[PDB]
Asker: 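Let me give you the structure first, and then I'll get to my questions.
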Amino acid sequence: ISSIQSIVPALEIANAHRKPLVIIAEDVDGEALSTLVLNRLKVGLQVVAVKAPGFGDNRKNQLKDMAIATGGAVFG
Amino acid sequence: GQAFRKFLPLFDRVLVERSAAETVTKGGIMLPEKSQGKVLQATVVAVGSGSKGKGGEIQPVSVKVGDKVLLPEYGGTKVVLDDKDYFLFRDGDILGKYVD
Amino acid sequence: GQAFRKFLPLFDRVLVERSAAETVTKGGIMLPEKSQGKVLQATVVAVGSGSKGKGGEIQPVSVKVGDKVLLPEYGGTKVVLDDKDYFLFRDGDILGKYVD
Amino acid sequence: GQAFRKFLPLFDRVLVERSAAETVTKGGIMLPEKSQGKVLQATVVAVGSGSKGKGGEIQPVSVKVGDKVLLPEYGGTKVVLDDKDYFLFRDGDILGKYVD
Amino acid sequence: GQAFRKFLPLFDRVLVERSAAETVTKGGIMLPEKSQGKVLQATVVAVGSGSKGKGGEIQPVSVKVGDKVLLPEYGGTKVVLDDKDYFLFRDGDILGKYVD
Amino acid sequence: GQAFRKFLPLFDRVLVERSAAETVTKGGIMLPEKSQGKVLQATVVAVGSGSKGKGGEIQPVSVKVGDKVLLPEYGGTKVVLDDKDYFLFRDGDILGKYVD
Amino acid sequence: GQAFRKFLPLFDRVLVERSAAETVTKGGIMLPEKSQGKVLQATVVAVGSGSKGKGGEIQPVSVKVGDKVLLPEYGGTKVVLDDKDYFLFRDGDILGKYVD
Amino acid sequence: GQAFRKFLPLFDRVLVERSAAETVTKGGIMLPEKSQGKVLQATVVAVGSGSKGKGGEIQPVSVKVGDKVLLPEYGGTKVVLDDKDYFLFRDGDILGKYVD
């Protein structure tokens, strides 16, 4: 997640529900990380980003396992 | 042509100012300053008399002062008037007009 | 010219929207999104007044609003109107129309 | 201009189909497919109204629908009309006709 | 325009055939085929109707069928008519003619 | 045209004296010389007769000797008159005028 | 146009031959062959009818056969007539004339 | 046109002689020869007849023989007349005139 448009609507859903957001991604760099830290420091948006554990197919398997365990869906 | 804060564009040049960049989205997510690109929406603050298209008459520009216009991506000239930023385009380089 | 969603193109520009990309073939084979390139079919949603080809009169745009046209590969300008995508071409860059 | 297969070229454009590539020589030797380059012989299926060469009148194209022409090597645009391939040229880019 | 072997060039195009490459010198020395470059001497076999240089009239080509002309080194187009090679030039690319 | 220090520009050329570079800010912080780029504000000191835009009359320039003008970034020609710097532009390169 | 040894240039072309290269200096110091560059002095041996500068008449060339002219360094075409070298230029590429 | 040393420029070409390079400053410091670049001050020694700007009449050049002119940095052609150096410019390439 590195672009503005790839991170804003998830943050909008999290901000419209008053509930914290945890991103588990391959990486969160670029402008998306700046948006995350700006919304965390200024207004106090509850959010945190974390890299995806695993290399290669193990990363895909572990992300799918986390999505099934939390009831979410793997993006991209 | 019409001058704006004691500046009159020459020939078929249009002086505009861009609309303010969006700081926050509709949800409420604060946007960062670096990621905000150049706003292609502008309002016309000054116009020139025009160029000569044919023989014996002046050809005026197609926008008026106060018109809301859509800027192109490349083709603006930096003008600093009273420590405020302004951009100079040609009349034919303006893509369109937000009529109301 | 004829405006569309409070936007009027200037000179000989033509604002169109592209036809939707094919999601499925005639049999039932679902197509992927990255494979689908830019659709060269479009419909004209806005036209401009025109340019000045000769002396004393202006030449109108040769397509009308609602015409089905075939876009070229390169030459479109991105216009976002009401968070929906639109493309701006010149009159001479339109290859042809589909008459019915 | 004359429209073909619910498609009308604009300005001075000309829609043609190339003749089929030679599969067998005069002796009887079967040719392969990757050998057969683009056939420069074509027949005109559609024409446009024309361009404005001078002031106050339209100038038609110099080929008719159903006329046999010689294409150049470069300058054609791909047009697909119900899965059959077609090529779009300018009027001035056509090398010559085959009068009969 | 004047047609040759049922081929009529369009606009200001001239179809010529080049003279034969010299095979033996005046002294009697046989020349190799690879050394013989393209012959810049040609005879005009077909002419187009011409272009429209000025308003309201057609401008014919400066050469007629049967003229002996001198070709430039570049600017010709290959045309194969009845398995024999011919070259297509513009009227203005012809350097000169050999009047007799 | 109007000459300056026994120098008369030709056709549509405008000779401008550039304004002195600012050496201190509004508070008292003195600026360095290498930091000071080329000043785009100028005064017109010399005016050429003009060019022939149409048939039978000369077209005068749109600036006057005394006008305060905004120079472009690139397009000036170096002129030294009485050991003093001057710059030569065309009429069309002048962006605008500071009318009072 | 005026033809030279049964060769007539077309439109605004001028056939000249260059003056012989200087073999020896004024004292007697003989020059070498590869030292002598292309001689820019020439005599006009053939002229063309001319081009069509305006409507309804042709513009003749500005040199006559037998005139002494100053060639530029690039812009000449080799013509071989009776095994001797000749050069073809445009009318406008000739720098000047040695009137006597 | 006006000839100089039996040389007449063609069309809108002006033959000028550059002013001698300065060899000593006003203080008395002798200057070196490699330092002195091409002098941009010149005197007009030969004048061409002119070009055809419009229809039906010749348009002369805007300088005359004896005029003191300011040369550009690039655009001169080398002419050697009676072993003395001379430079050929276009009329439109002359920056200005030192009227007295």
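In what follows, chains carry the letters A, B, and so on, assigned in the order in which the sequence lines appear, proteins first and then strands, with residues in each chain numbered from 1.
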Asker: Is there a side chain to side chain contact (heavy atoms under 4.5 Å, CB included) between D:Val45 and D:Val16 once you walk through the steps?
Answerer: CA-CA 5 Å; D:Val45 292; D:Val16 300; 5.6 Å; no
Asker: Which answer fits D:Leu88, side chain, backbone, both or neither, if we ask what part of it has an atom under 4.5 Å from a heavy atom of chain C?
Answerer: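 It is the side chain, since no backbone atom gets that close.
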Asker: Let me know if D:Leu81 has heavy atoms under 4.5 Å from chain C in its side chain, its backbone, both or neither.
Answerer: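 Interface part for D:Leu81: side chain.
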Asker: Would you name the heavy atoms of D:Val65 and D:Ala46 that are closest together and state the gap between them?
Answerer: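 Here D:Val65 and D:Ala46 meet closest at CG2-CA, 3.8 Å.
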Asker: Between chain C and chain D, which donor-acceptor atom pairs come closer than 3.5 Å, counting both backbone and side-chain atoms?
Answerer:
from, atom 1, to, atom 2, distance (Å)
D:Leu8, N, C:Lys97, O, 2.8
D:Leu8, O, C:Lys97, N, 3.0
D:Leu10, N, C:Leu95, O, 3.1
D:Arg13, NH1, C:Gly92, O, 3.3
D:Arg13, NH1, C:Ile94, O, 2.9
D:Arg13, NH2, C:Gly92, O, 2.8

Asker: Among C:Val99, C:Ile94, C:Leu95, which has the most heavy-atom pairs under 4.5 Å with chain D?
Answerer: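 Option with the greatest count: C:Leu95.
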Asker: Taking all heavy atoms of C:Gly76 and all of C:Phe89, pick out the closest pair and write down the distance.
Answerer: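 Shortest heavy-atom contact: N-CE2, 3.4 Å.
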Asker: Which atoms of C:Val63 are under 4.5 Å from chain D, going by heavy atoms: the side chain, the backbone, both sets, or neither?
Answerer: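 For C:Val63, the side chain is the part near chain D, not the backbone.
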Asker: Check whether any side-chain heavy atom of C:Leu31 lies under 4.5 Å from a side-chain heavy atom of C:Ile29, and answer yes or no.
Answerer: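 No - every pair of side-chain heavy atoms lies 4.5 Å or more apart.
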Asker: Under a 4.5 Å heavy-atom cut-off, does chain C meet the side chain of D:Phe7, its backbone, both or neither?
Answerer: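 Interface part for D:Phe7: both.
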Asker: Taking all atoms of both residues into account, what is the closest heavy-atom pair of C:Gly1 and C:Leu8, and its distance?
Answerer: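 Distance-wise, the nearest heavy atoms are C-CD1, 3.7 Å.
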Asker: Do D:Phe4 and D:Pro9 have side-chain heavy atoms sitting under 4.5 Å apart?
Answerer: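 A side-chain contact under 4.5 Å is absent here.
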Asker: How close do D:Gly28 and D:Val24 get, counting heavy atoms only, and between which atoms?
Answerer: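 Taking every non-hydrogen atom into account, C-CG2, 3.6 Å.
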Asker: Between C:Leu70 and chain D, which part of the residue has a heavy atom less than 4.5 Å away: side chain, backbone, both or neither?
Answerer: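 Just its side chain gets close to chain D.
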Asker: Which pairs pass ring pair (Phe, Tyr, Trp, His ring centres under 6.0 Å) with one or both residues in residues 27-64 of chain D, sequence neighbours excluded?
Answerer: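 Passing the test, one end in residues 27-64 of chain D: no pairs.
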